[PDB]
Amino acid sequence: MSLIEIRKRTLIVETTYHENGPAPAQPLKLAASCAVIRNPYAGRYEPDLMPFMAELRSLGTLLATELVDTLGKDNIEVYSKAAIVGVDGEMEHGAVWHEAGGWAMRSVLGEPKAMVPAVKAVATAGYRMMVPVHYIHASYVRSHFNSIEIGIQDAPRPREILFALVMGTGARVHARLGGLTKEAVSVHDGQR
């Protein structure tokens, strides 16, 4: 029997035109796909979370696919992943998403090289969290560091977990701090 039971999902698309500076030619879009699932381990200590982590890869694929379909496969430049575990769970129940969300997303995207950044928390329902993103091909590209806030008002309830993926289309709208540029990426190790 599946360990994955979805109560609700949210898709958010934030389009930023400017931040009071000269507007860029095209706006930035950052998008998050979230799913609220029952936590099969809430309220007890389970030493073996490996089966759960394995099955969650399919959830990763589902959410990542939705994001590509939303933004367009050719438009992805930044990503992230995140988890919010309900108060009857533990951090480790969210930590399964590093592999499940990250690997699934990277596979959907043709295996870009940058590690997918992440943030997670154990929190009360409605908790809002800033999710950091970076460039999919080289984590050090300075223009692309950014953030989007995620959260669902009534989730995760104590015995639930909220899993999320984030994708975006470009650089900060007024990026102007130099550093490594897309054109300067030369190692192709996922960093520089």
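One-based numbering along the sequence shown.
Comparing 20-28 with 171-179, where is the mean C-alpha B-factor higher? Looking at the recorded C-alpha B-factors, 20-28 comes out higher on average.
Can you let me know which of the two, 35-43 or 66-74, has the higher average C-alpha B-factor in the entry? Between 35-43 and 66-74, it is 66-74.
Within this chain's modelled residues, let me know which third the CA B factor of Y79 belongs to: lowest, middle or highest. Middle third, going by the recorded CA B-factors of the chain.
Assigned third (lowest, middle, highest) for the C-alpha B factor of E92: Ranked within chain, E92 CA B lands in the lowest tercile.
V133 - which third its CA temperature factor falls in, relative to the rest of the chain: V133: CA B-factor falls in the lowest third of its chain.
Grab the CA temperature factor for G126 from the record and place it in the lowest, middle or highest third of its chain. According to the entry, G126 has a C-alpha B-factor in the chain's lowest third.
Please place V185 in the lowest, middle or highest third of its chain by C-alpha B factor as given in the entry. Tercile = middle for this residue's CA B-factor.
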